[PDB]
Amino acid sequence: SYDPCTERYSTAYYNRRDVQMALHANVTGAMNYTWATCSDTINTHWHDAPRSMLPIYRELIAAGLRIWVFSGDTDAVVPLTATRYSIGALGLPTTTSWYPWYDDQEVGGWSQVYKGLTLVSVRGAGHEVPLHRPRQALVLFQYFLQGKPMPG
């Protein structure tokens, strides 16, 4: 099932002395606030941040590092198209054109393998892929760990 309110539970659960204690957290009682899922202040007071990450990609790619980028295709915050264009700009060559990857009987999403980087989309998943398409998310994880392209 899906429950869109999970953030609310987490908030409740991690704010219990019980729990913090079991985590070895907020040892002293010296964390002068309530535990929140995100830090507002931090979020509104951000400083440095480059406009592009491509140069780094280039460098790591050149380093032989394994690179995989993925996307939940029903996300509107950092949508699939943004990524397509972004990866597109690296200008890498294609080794394996856009093809559908399967999990079980269903199509899990699509994938394109470039020379030095693999791109994968997750059919039907929102921003938080492991929340919306758990099973698919895991397959992705195993493949990535293996350095093997998504299956057809």
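Residue indices: 1-based, along the sequence shown.
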Higher avg CA temperature factor (100-108 vs 48-56, as deposited) belongs to 100-108
Looking at the deposited entry, does 35-43 or 121-129 carry the larger mean Cα B-factor?
35-43
Quiz for you: based on the deposited Cα B-factor, which of 113, 90, 30, 67 is highest?
30
Among the modelled residues of its chain, does the C-alpha B-factor of residue 149 lie in the lowest, middle or highest third?
lowest
Could you say whether, by C-alpha temperature factor, residue 83 belongs to the lowest, middle or highest third of its chain?
lowest
The third of the chain into which the C-alpha temperature factor of residue 142 falls is the lowest
